[PDB]
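Engineer: Next one to model:
(4 chains)
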Amino acid sequence: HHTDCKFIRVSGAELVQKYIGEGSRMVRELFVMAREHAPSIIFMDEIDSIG
Amino acid sequence: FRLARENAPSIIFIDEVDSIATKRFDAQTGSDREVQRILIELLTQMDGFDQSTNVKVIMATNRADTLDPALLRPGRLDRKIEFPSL
Amino acid sequence: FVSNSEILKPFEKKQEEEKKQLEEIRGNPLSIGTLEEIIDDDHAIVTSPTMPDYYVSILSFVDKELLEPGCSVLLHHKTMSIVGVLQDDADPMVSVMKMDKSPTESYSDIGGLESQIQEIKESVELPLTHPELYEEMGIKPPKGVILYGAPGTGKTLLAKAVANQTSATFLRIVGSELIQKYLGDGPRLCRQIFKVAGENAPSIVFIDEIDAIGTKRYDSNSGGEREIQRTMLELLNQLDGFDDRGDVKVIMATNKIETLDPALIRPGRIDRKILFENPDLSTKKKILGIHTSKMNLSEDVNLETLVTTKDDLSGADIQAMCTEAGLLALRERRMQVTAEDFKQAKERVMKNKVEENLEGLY
Amino acid sequence: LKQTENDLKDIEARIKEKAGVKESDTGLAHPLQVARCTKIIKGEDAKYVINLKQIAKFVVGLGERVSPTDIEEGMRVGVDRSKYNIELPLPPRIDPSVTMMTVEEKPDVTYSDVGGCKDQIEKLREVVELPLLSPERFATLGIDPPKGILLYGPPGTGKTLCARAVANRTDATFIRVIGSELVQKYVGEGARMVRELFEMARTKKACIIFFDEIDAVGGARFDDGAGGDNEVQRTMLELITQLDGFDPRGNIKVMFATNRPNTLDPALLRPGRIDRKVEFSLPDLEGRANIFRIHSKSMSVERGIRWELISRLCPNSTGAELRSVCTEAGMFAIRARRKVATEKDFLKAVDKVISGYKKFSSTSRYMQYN
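Structural biologist: Residues are numbered from 1 along each chain as shown, chains lettered A, B, ... in the order given. The structure is reproduced below:
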């Protein structure tokens, strides 16, 4: 809010992928989304603490 | 879900949603995609929800620990009813 | 242009007519299929999500080098015979791969480590721009380098500065995601990285902190978890089984590679040993003094005061002591940092990451 | 602008290429996955029309007579699904389907360790090169050359270097298939898909395939697996099937690679899929004296150097470990800037590399039997 930017939320457990790893490519896929919008904050979810 | 907007006193109950729990890819379109296009439409048909507020959707399941945590976001699934024995 | 009169006269006459012959073999669906195999009788194999069935024969405009086993090509409009070929670019569908950028790097902050800095430059940067000395001598230079110790203290930051000193293509591949609970994903993606990138000679792949792979113990193949030991078996094919001309270079910087090391390194493909060293009085001055080149602070405070008596503070420890003391002085909007923030930033860094084994005497 | 004028004669010849297509113009327009055509308009029983796909699955019990007059319609008729043979009208059958195959040409590797490989390479020559020279001695004496062979030892110290060096002098087809990627997921991707390569080995002759990374294939079990390794173990048993009923040993060779001989299934290591074993260990001293010569053939060395005192500093070692001594010796001419390779550079390198640099991290006690 006060930082004049955006907020990006990333699912931690959904990042883990079996078979051919999608999360390995999801690193650079979200990097493209991070490249499109410079004023943003990427957050790591599902590894955080809601309780 | 179209009939939920037309007839107000309607209750739609989907039993055993635990059939899908976490995720699968494998063959991609083959024998998988069927429920992944539903998740996008679970974010779509439930967007038209809240207009009438007469729609009733109740999902039954066994193991709720492996289900989709993103559904707990308000606007789709608000409060879950625990069924212990005790 | 000059030839637009004489030479162009018996040119454009057949240049436009062949384009009409193209429109006969092209149309405008331009269906994009996939060529599985090349046949000496000029016949192809169609591929498409609609499950096509075609005997189509290979037409002109393509050669044996352009046609590739499993890359997309252009098809005829009715007969669906092969016409053109798709051009590959941008980001392939394989695992994460960087393309190119020019970083700004040199030897500044790691100054004082030059004892081990000039050692890695001999086997990496020198056998790149000057491809010589192997004709007269005849000894093959080593492939990669192996570094074990505390990363980010100037040992790994050394590898970041070498990447720019190469003045060529640099690659960085992630060595974490291979540890996924799925079995068999490790050896697959690793082979496609070095096979597709074999066209560009410079690579210099860097990997950081692999604590998983390398379980061997007494036998070669144990009854342990298959998510780990088989993933390493792919690295044996790159460094031993199938060797390149010196294009691909693998670099791994981890904490302790001891147990990890002699499943991979081999005697003489990769010879490097670099460990974290406690800096002396001379090295600590070059690390801390050069960091202050652009920094401004009180002229009444000496930078060598805390250098005399200090416990194991590397360039990584100084990076925070400059930032922590900087944010405290920036609150008052001043480019200079007082003396109280110097000792305050050193305590919280020494009281957290820096802990000894309480082993005295000996 | 070569391709610009190449199509001038090619488009005119495209009609000549279309003349062969003029035989069957129906259904619009040799490796195949499954045999597929359109309606097979051309075709006891006279005409023969069979197709396997999502629509109109066909089967015919009879055959072996000329309806089509060689190729017909979709041009793909022949071996797929197995079970299915169209032979009589010039078949495009037993052909590689969609798959991943690594095929290279001329794997050129020079000699590495001749120290203990004097009579050890001769056993490798008796595998491939022997039936390619005097096959008459096999029928008269009643003996057959060895097919399966095992490679065990440290990871590429001059063992593996010798495996790729002998294959270059065979002058045959070289195909490299490993065991690490072999796992994958689907059942049959690591067995049935590789069986197509084994079936093609009997079709196309003069083929040589080195089985690599058997630690990811075989191995001994106690509780019979924790799951997911069954297909890994079934691939081990699938290799037995090709050697079970029938197989010629002339055009097909089997070679493994691993770090220890007995880590496989003790039933897998049983003879008949391995005729001979390659024993690779640390050879004697004077035997490796030729290794110092091989590396010095293309290396400029000062005349008058004595290799007798240099070999005394080096204990029992392998071929690749001796090159590391010369590798750092080449680096002595980089920093210290030596004109040629001197004696002091070699005498110091042994204490610099083996004693100084090598230290820990080497294979010593990790091979007994198991």
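Engineer: State the number of residues packed around residue C:176.
Structural biologist: For residue C:176, the neighbour count with other CB atoms under 10 Å in any protein chain shown is 15. In short, each C-beta sits where N, CA and C put it, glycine included.
Engineer: Might you report the residue contacts of it?
Structural biologist: The contact partners of residue C:176, taken as CB atoms under 8 Å, 6 or more residues apart in numbering or on different chains, are C:209-210.
Engineer: Dihedrals phi and psi, whatever residue of chain B ends up closest to chain A?
Structural biologist: Chain B approaches chain A most closely through residue B:25 (5.1 Å), counting by CB to the nearest CB. Note on residue B:25: backbone dihedrals following degrees, to the nearest 10 are phi -120, psi -80.
Engineer: And for residue D:159?
Structural biologist: According to degrees, to the nearest 10, residue D:159 has phi -70, psi -60.
Engineer: sorry, back to before: not including adjacent chain positions, what is the nearest residue to the residue of chain B closest to chain A?
Structural biologist: Setting aside the residues directly before and after it, residue B:25 is nearest to residue A:19 in space (CB to CB, 6 or more residues apart in numbering or on different chains), at 5.1 Å.
Engineer: circling back to that earlier point, just to check, the residue of chain B closest to chain A is in contact with residue B:31?
Structural biologist: No: counting by CB atoms under 8 Å, residue B:25 sits too far from residue B:31 to count as a contact (10.9 Å).
Engineer: In terms of neighbours, single out the busier of those two.
Structural biologist: A count of neighbours by other CB under 10 Å puts residue B:25 above the other of residue B:25 and residue B:31, at 13 against 9.
Engineer: Residue C:77 reaches residue C:26, doesn't it?
Structural biologist: Yes: at 6.4 Å, residue C:77 and residue C:26 qualify as touching, with contact defined as CB under 8 Å.
Engineer: just so I have it, where are all the strands in chain A?
Structural biologist: A:6-11, A:40-45 (DSSP state E).
Engineer: Parallel or antiparallel, list what pairs with the last one.
Structural biologist: Partner strands and pairing direction for strand A:40-45 (DSSP bridges) are strand A:6-11 (parallel).
Engineer: export the partner strand as CSV, just CAs?
Structural biologist: Backbone C-alpha positions of strand A:6-11 (Å, rounded to 0.1, in the frame of the first residue of the first chain) are rendered in CSV as follows:
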residue,chain,number,x,y,z
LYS,A,6,1.8,-4.3,-6.3
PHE,A,7,1.5,-7.6,-4.4
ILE,A,8,2.3,-11.0,-6.0
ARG,A,9,1.3,-14.1,-4.1
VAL,A,10,2.8,-17.5,-5.0
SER,A,11,1.5,-20.8,-3.8
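Engineer: ok, residues contacting it?
Structural biologist: Residues contacting strand A:6-11 (CB under 8 Å, 6+ apart): A:30, A:33-34, A:37, A:39-46, B:69-70.
Engineer: nearest spatial neighbour of the closest residue to chain C within chain A, skipping sequence neighbours?
Structural biologist: Going by CB to the nearest CB, chain C is nearest to residue A:18 of chain A, at 3.7 Å. Leaving aside its sequence neighbours, residue A:18 sits nearest to residue C:182 (CB to CB, 6+ apart; 3.7 Å).
Engineer: Dump stretch D:88-96 to PDB, restricted to CA.
Structural biologist: The C-alpha atoms that make up stretch D:88-96 are tabulated as PDB, following Å, rounded to 0.1, in the frame of the first residue of the first chain:
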ATOM      1  CA  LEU D  88       4.400 -60.700 -49.200                       C
ATOM      2  CA  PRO D  89       3.800 -57.100 -50.900                       C
ATOM      3  CA  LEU D  90       7.300 -55.500 -50.200                       C
ATOM      4  CA  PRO D  91       6.500 -54.500 -46.600                       C
ATOM      5  CA  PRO D  92       7.600 -51.400 -44.700                       C
ATOM      6  CA  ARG D  93       7.600 -53.500 -41.500                       C
ATOM      7  CA  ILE D  94       9.600 -53.700 -38.300                       C
ATOM      8  CA  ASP D  95      10.500 -50.000 -38.500                       C
ATOM      9  CA  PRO D  96      11.300 -47.600 -35.600                       C
END
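Engineer: Go ahead and name everything in contact with it.
Structural biologist: C:37, D:30-32, D:63-72, D:75-79, D:85-87, D:196-197, D:199-200, D:203.
Engineer: Enumerate the positions of that stretch that are buried.
Structural biologist: D:89, D:91-96 (16 or more other CB atoms under 10 Å in any protein chain shown).
Engineer: can you put those in JSON lines and add secondary structure?
Structural biologist: Putting the buried residues of stretch D:88-96 into JSON lines (DSSP: H, G, I helix; E, B strand; the rest coil) gives the following:
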{"residue": "D:89", "secondary structure": "coil"}
{"residue": "D:91", "secondary structure": "coil"}
{"residue": "D:92", "secondary structure": "coil"}
{"residue": "D:93", "secondary structure": "coil"}
{"residue": "D:94", "secondary structure": "coil"}
{"residue": "D:95", "secondary structure": "coil"}
{"residue": "D:96", "secondary structure": "coil"}
